[PDB]
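In: Everything below, folded, please.
(2 chains)
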Amino acid sequence: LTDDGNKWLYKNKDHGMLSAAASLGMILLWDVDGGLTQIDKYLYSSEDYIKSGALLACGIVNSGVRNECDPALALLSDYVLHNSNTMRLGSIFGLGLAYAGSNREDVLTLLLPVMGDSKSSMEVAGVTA
Amino acid sequence: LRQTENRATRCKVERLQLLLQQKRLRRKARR
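Out: Numbers count the residues shown, from 1 in each chain, chains lettered A, B, ... in the order given. Shown next is the structure:
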């Protein structure tokens, strides 16, 4: 994946790309700089599957380190909004797992509104719960 | 719409990359 993960993600199909990309963050766990560097290229793909998988990768990378800076917060609150589709489960789960122990009212108040908005299907609702 | 969202994402990615570089420079300065 680190050598050439783009072809790997593309040969992955259907919903696989989400987890296939999140594996990048799992590999680049606790390394914010490396995760960002290796995920930026995949962060912009025509299919939202790869984008959401990249958001999960960044969330995983941020998970486990309590850096006072919040690149995960910024990047992932940018997408917490459904963006006219339900494919924000990745963003929500990434934010959660990234800030598990933070208990920041900022992230709580970012997550709770989107949890009920008449458009958060049960999938999104459970993920944000 | 999606393209301009990608552009804004790229802008914030560059911002946070610069911030992280500054942070790690400052950290390595003392450690």
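In: Contact partners for the closest residue to chain A within chain B?
Out: Residue of chain B nearest chain A, by C-beta to the nearest C-beta: residue B:16 (4.1 Å). To be clear about C-beta, it is placed using only N, CA and C from the backbone, and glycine gets the same treatment. Counting by C-beta atoms under 8 Å, 6 or more residues apart in numbering or on different chains, residue B:16 touches A:36, A:69, A:71, A:74, A:75.
In: does it belong to a helix or a strand, and which?
Out: helix B:2-30 (DSSP states H and E).
In: how far out from the middle of the chain is that helix?
Out: Centroid displacement of helix B:2-30 relative to its chain, using C-alpha atoms, centre = their mean, to the nearest Å, is 0 Å.
In: and it, which residues are buried?
Out: Neighbour-count burial for helix B:2-30 flags B:9, B:13, B:16, B:17, B:20, B:23 (criterion: 16 or more other C-beta atoms under 10 Å in any protein chain shown).
In: Repeat that for stretch A:54-67.
Out: Under 16+ other C-beta under 10 Å, the buried positions of stretch A:54-67 are A:54, A:55, A:56, A:57, A:58, A:59, A:60, A:61, A:62, A:63.
In: ok, the closest residue to chain B within chain A - contacts?
Out: Residue of chain A nearest chain B, by C-beta to the nearest C-beta: residue A:71 (4.1 Å). Counting by C-beta under 8 Å, 6+ apart, residue A:71 touches A:32, A:36, A:58, A:62, B:16, B:19, B:20.
In: pretty sure the third one contacts residue A:39?
Out: Yes. Applying C-beta atoms under 8 Å as the test, residue A:58 and residue A:39 come out as touching, 6.0 Å apart.
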